[PDB]
Amino acid sequence: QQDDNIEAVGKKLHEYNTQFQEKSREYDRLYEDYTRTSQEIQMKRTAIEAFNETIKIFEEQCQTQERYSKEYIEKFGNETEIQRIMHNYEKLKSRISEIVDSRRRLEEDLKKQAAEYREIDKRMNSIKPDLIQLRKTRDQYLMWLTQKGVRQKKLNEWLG
Amino acid sequence: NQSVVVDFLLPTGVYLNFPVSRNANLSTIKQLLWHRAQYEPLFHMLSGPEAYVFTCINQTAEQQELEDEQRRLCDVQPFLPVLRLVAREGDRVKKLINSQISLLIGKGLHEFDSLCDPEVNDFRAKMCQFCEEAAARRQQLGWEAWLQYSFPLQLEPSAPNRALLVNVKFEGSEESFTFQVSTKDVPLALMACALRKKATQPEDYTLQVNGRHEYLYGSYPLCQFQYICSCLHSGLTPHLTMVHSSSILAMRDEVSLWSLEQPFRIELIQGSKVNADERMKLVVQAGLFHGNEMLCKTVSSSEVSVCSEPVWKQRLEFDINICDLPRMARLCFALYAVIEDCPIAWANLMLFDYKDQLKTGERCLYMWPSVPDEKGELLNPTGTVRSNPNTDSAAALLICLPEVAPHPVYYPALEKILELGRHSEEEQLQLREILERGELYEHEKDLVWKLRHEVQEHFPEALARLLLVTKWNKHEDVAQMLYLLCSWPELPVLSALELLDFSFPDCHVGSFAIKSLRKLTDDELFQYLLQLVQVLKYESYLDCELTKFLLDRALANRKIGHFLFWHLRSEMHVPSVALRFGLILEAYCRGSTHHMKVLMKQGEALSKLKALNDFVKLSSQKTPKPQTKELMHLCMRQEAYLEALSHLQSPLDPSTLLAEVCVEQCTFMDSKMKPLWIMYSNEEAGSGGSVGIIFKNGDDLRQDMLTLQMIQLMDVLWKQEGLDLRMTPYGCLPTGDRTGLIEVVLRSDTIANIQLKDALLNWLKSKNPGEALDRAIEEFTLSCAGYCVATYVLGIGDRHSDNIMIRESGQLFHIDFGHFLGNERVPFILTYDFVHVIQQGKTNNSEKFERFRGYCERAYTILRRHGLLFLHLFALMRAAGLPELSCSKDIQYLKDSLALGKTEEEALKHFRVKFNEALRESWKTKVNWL
Ligand SMILES: O=C(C1CC1)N1CCC[C@]12C(=O)Nc1ccc(-c3ccc4nccnc4c3)cc12
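Protein chains in written order, with our numbering: chain C, 6 to 165; chain P, 14 to 943.
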């Protein structure tokens with residue numbers, strides 16, 4: 006109406022428990038990487054903000070240089086002061102490009118590490134069913150042996 | 014190497030690029046810049062060096078005006094070596110604090126603005142104003158009040174009439190006065206005596222425990238002060254300093270909702286950046302919640318095919334009307350992957366926003382990934398409401414709340430709830446039975462609900478039982494329940510602690526709980542500060558009562574604010590609380606400018622110690638210890654390092670000054686994480702002249718803190734009823750991501766080390782020669798009892814000679830609490846070699862051994878009386894998500910350890926049996942050795 010031997014079920018309890026512990030350690034390693042990667046991506050995103058803010062002040066300096074130079078530089082017979090002012094301004098422009106280049110390099114790392122993040126989470130989500138099935142199976146075999154009246158000390162040695 | 018090339022941007026538009034030393038302070042860099050700028054165009058246009066301030070981009074991505082020019086470029090740590098000259102203009106005070114808060118709390122303030130979130134905007138506005146007012150108000154009042162704020166009294170839990178001698182001096186004077194006064198003399202009388210002795214008026218002084226910020230004042234006798242009590246006990250002479258009021262001023266100075274009967278519904282639209290098995294299909298299981306309770310049955314989406322951007326465009330309709338939704342209604346999602354089961358991720362959402370408005374329109378939820386736990390539940394109603402801050406990489410569910418009404422609708426005000434909730438021998442027996450003697454059964458629930466007016470009258474303490482029986486899916490039942498709650502009598506602290514649990518989400522319950530916690534003394538609030546911070550993770554909104562309450566106590570007590578800062582700061586790495594904790598730290602900081610300076614100093618010490626430990630970690634694997642040690646000394650001796658690590662208040666105790674690093678006495682321990690062992694000097698008297706800290710990096714210290722907090726609580730509860738078991742509740746403070754500090758107990762060694770038969774007994778003879786030994790055996794006896802009961806009750810196994818320590822005083826104490834709550838029952842444990850020392854080396858010494866048995870038994874008896882307090886505190890710590898404190902079973906372990914389901918005598922009889930068996934087990938263990 007209401008729908009194998011102990012040593013054999015005890016052997017499979019030991020196996021399934023060992024498989025479960027192993028699959029837990031695996032998942033745990035991935036959750037370190039997931040957490041570590043989340044902290045690195047966040048740090049890279051703030052470092053990108055730090056680049057943007059660094060470039061913003063360089064572009065204000067350019068604006069300052071062009072406004073402040075012009076209203077002064079009409080004083081021409083010193084063609085000498087003028088070339089010094091311009092070369093200095095070319096030197097500033099040249100340095101923005103280095104900073105822009107560095108910001109772009111970091112944007113590429115983050116693009117790569119964003120993809121690593123998504124793989125870890127993918128590999129995490131293909132391990133969960135195994136892990137959960139392996140826990141529920143382990144628990145089914147415990148429940149069976151406890152019902153059969155197997156002593157806690159025999160169960161203990163199969164869980165180790 | 015030393016030098017770094019620095020870009021200098023001048024206000025004329027001119028740009029210089031020259032090298033400077035990393036170690037050079039910004040004042041030194043101004044001079045070199047001016048010296049080189051004079052050989053560059055438009056120099057003559059510039060004002061003087063002192064007319065400009067350097068601006069950089071710091072590590073938190075914010076612009077920082079560097080007003081303190083005595084700071085090394087390497088300390089300033091700008092993003093790229095770029096310095097801009099700007100005017101000293103506008104509110105320099107506002108600009109300096111805003112910059113310091115960002116560096117101090119870890120998170121930059123700009124990251125709050127970037128959210129474009131009114132709820133964040135209103136929290137910052139309201140809470141910063143409130144903290145600034147409290148701090149302005151604080152600046153007015155008189156040095157005494159400010160001394161009560163800055164350095165509150167350290168008293169023995171009293172809050173013997175002997176007499177003893179006390180060394181006293183004055184501020185800025187080598188000469189001193191020794192003289193006898195009574196154990197029961199109030200501190201003013203000590204002041205008057207040294208005033209007359211100076212001459213041969215006195216209320217404009219205070220007494221400073223010197224080499225320390227521990228002050229003696231107010232209406233309390235000398236023996237109730239911890240410094241005195243400690244000094245009396247050791248037989249050492251206290252050393253004080255008279256300090257004049259003016260020297261303390263020196264420090265101070267520098268449509269209706271119930272009309273909408275249409276059922277509640279959402280449009281599930283799309284998923285986003287999903288990462289899953291191509292072969293499988295994706296499901297979104299959805300459910301409504303209030304605390305733990307389902308408000309109605311769950312509803313599911315159709316099985317769409319697995320892809321990054323799954324599309325449903327579905328409608329989900331719930332077995333509940335809009336008019337029924339309680340204030341703290343919580344829509345809870347989980348993305349599942351199925352064949353033809355895998356929890357992917359989850360996200361919860363409050364249905365009413367922070368201003369009480371029912372939410373309408375598109376909402377985009379950035380999900381948290383699901384963890385497989387034992388419970389294996391479908392949804393995660395206990396989870397945070399805050400969106401995942403990883404908004405670029407993280408999965409997300411786009412959904413649409415429908416436009417339910419032409420005018421926008423709010424949850425009704427209190428007056429409209431009182432209106433609806435106003436109008437409504439034999440049965441006493443069934444209620445009495447049910448309440449008096451934890452989960453009720455639905456037959457009981459409708460009785461309690463019927464006799465709810467009787468519960469308020471005769472069982473006020475049963476409010477918690479009554480709140481759960483309430484049907485929060487029915488607005489009539491909610492209105493009736495809240496009507497009672499507004500007239501409910503004040504419950505004691507113990508009851509109010511229970512109401513802060515996640516089972517009680519309603520704001521009127523939290524409000525009522527906080528009303529009943531407002532009677533906590535600062536001492537008692539300190540004992541529960543760790544649990545009250547974790548409970549913030551269950552909060553729905555940012556502006557909540559428990560946050561206002563904690564900021565009130567932090568602004569009124571500097572010690573409370575110190576430990577509030579560090580409990581929040583040490584979780585700023587944790588995405589789910591970073592935003593919430595960040596805003597509280599900003600508000601705290603704005604009401605605490607003085608302590609900001611102390612915490613800045615402490616933050617840089619820790620930053621240097623992280624860098625230092627990372628050097629030592631590497632070297633350990635490269636080379637043997639003596640030369641790694643000498644390389645650590647070289648690295649510490651560097652100007653920047655040494656200054657950062659010197660002259661700071663201890664994070665472990667702000668009243669303790671870590672003054673001078675003792676480099677040759679500094680080392681690290683052979684543990685996995687190579688924790689640094691830093692030694693310090695001070696202007697203290699004797700034993701406290703030298704102090705030490707362990708900086709640990711790589712382990713979780715949270716387990717040890719909780720354990721030590723609970724041993725500290727036990728010690729207070731014991732001391733409160735006139736039993737001192739000579740415990741050593743050393744400081745433990747998480748400061749950061751898998752980082753914190755441990756207070757070194759000096760003049761202590763591990764039992765393994767001392768055992769290199771009567772090896773402990775000898776070690777005590779050599780440390781307590783002649784007539785001191787009887788004390789040292791009593792210290793050992795009393796402490797052994799305390800740690801025997803403590804480790805039993807908390808379920809702390811793996812206790813061995815490598816993790817148990819003796820103080821030269823004789824006191825036993827434990828360290829490295831890895832495990833607790835069994836993680837099978839840990840038996841009560843007697844060690845033969847400790848029984849040996851207790852018995853005074855004798856095989857048989859019944860007289861003594863019975864005294865030890867009573868200490869253990871009295872101790873176990875006092876904890877059972879306060880066992881509900883332990884349960885409630887442990888219940889709230891489930892919020893922290895420690896592995897070993899996850900669930901009802903972990904809580905259950907304490908009920909069984911303390912045997913709270915048994916009468917006092919029955920409990921004491923069971924304890925005795927366990928005692929006796931542990932004694933018989935004591936022999937059988939020791940018999941097996943070589
Ligand atoms: O290893 C060292 C030297 C490298 C630093 N030492 C120096 C004294 C004895 C010894 C030692 O040999 N093993 C060891 C283990 C623990 C502590 C110890 C001492 C005090 C505490 N206080 C609170 C919390 N934990 C503590 C731990 C102290 C030592």
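The beta-carbon is built from N, C-alpha and C at its ideal position, and this holds for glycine as well.
query	result
Bridge partners - residue 947 of chain P, DSSP secondary structure assignment	Residue 947 of chain P lies beyond the residue range present for chain P, which begins at 14 and ends at 943; the question has no answer from this structure.
Cβ-based contacts, 8 Å cut-off: residues of the stretch 14 to 32 of chain C near chain P	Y32
Separation of C/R34 from C/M129, as counted between CA atoms	10 Å
Endpoints, beta strand (DSSP E) assigned at P/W936	Element bounds for P/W936: not the beta strand (DSSP E) but the alpha helix (DSSP H), 917 to 939.
Within 8 Å, strictly: CB atoms of P/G753 and P/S583	yes
P/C499, buried or exposed, once every other Cβ within 10 Å from all chains shown has been counted against 16	exposed
C/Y73 at chain P interface by Cβ criterion, 8 Å	yes
Residue-level contact to chain P via CB, C/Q66, 8 Å cutoff	yes
C/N93 burial status per 10 Å Cβ neighbour count (16 or more: buried)	buried
P/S115 versus C/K96: straight-line alpha-carbon distance, rounded	33 Å
The stretch 708 to 717 of chain P / the stretch 742 to 762 of chain P touching (three or more Cβ pairs under 8 Å)	yes
Reduced DSSP secondary structure (H/G/I, E/B, other) of P/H303	strand
For P/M718, the three-state DSSP class (helix, strand or coil)	helix
Chain-ordered neighbours of P/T916 on chain C, where CB pairs are closer than 9 Å	Within chain C, no residue comes near P/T916; the closest Cβ sits about 28 Å away, beyond 9 Å.
Within 8 Å, strictly: CB atoms of P/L671 and P/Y693	yes
Contact set between the stretch 26 to 44 of chain P and chain C, restricted to residues whose Cβ is under 8 Å from the partner	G26, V27, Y28, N30
Closest Cα partner of P/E440 within the set P/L427, P/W462, P/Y423, P/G810	P/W462
Contact residues within the stretch 340 to 353 of chain P, judged by C-beta distance below 8 Å to chain C	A350
Heavy atom of ligand 1 within 7 Å of P/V757 beta-carbon	yes
Length at least 3, wholly inside the stretch 737 to 810 of chain P: the beta strand (DSSP E) runs in chain order	745 to 749, 752 to 756, 761 to 763
Cβ shell of P/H488 (< 7 Å), same chain only, five flanking positions each side left out	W271, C336, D337
Check: P/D712 C-beta below 7 Å from any heavy atom of ligand 1	no
Interfacial residues, the stretch 143 to 158 of chain C to chain P, with Cβ spacing under 8 Å	none
P/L362 (DSSP reduced to helix, strand or coil)	strand
CB contact below 8 Å: C/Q70 versus chain P	yes
is_contact[C/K96, chain P] using C-beta, thresh 8 Å	yes
P/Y52 burial status per 10 Å Cβ neighbour count (16 or more: buried)	exposed
Cutoff 7 Å; reference P/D290; Cβ partners in own chain excluding five residues on either side	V319, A350
Identified DSSP bridge partners for P/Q221	P/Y228, P/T254
Classification of P/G248 by the beta-carbon crowding that lies within 10 angstroms, buried from 16 upward	exposed
Same chain only: Cβ atoms within 8 Å of P/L507, ignoring 5 sequence neighbours per side	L881, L882, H885
Supposed contact pair P/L154 and P/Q237 - C-beta distance, whole angstroms, cut 8 Å	Contact doesn't hold; Cβ gap of about 25 Å is too wide.
is_contact[C/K127, chain P] using C-beta, thresh 8 Å	yes
Chain C within 8 Å of P/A509, Cβ atoms only	no
Contact check, P/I767 vs P/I819, beta carbons under 8 Å	yes
Where the beta strand (DSSP E) through P/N334 begins and ends	324 to 334
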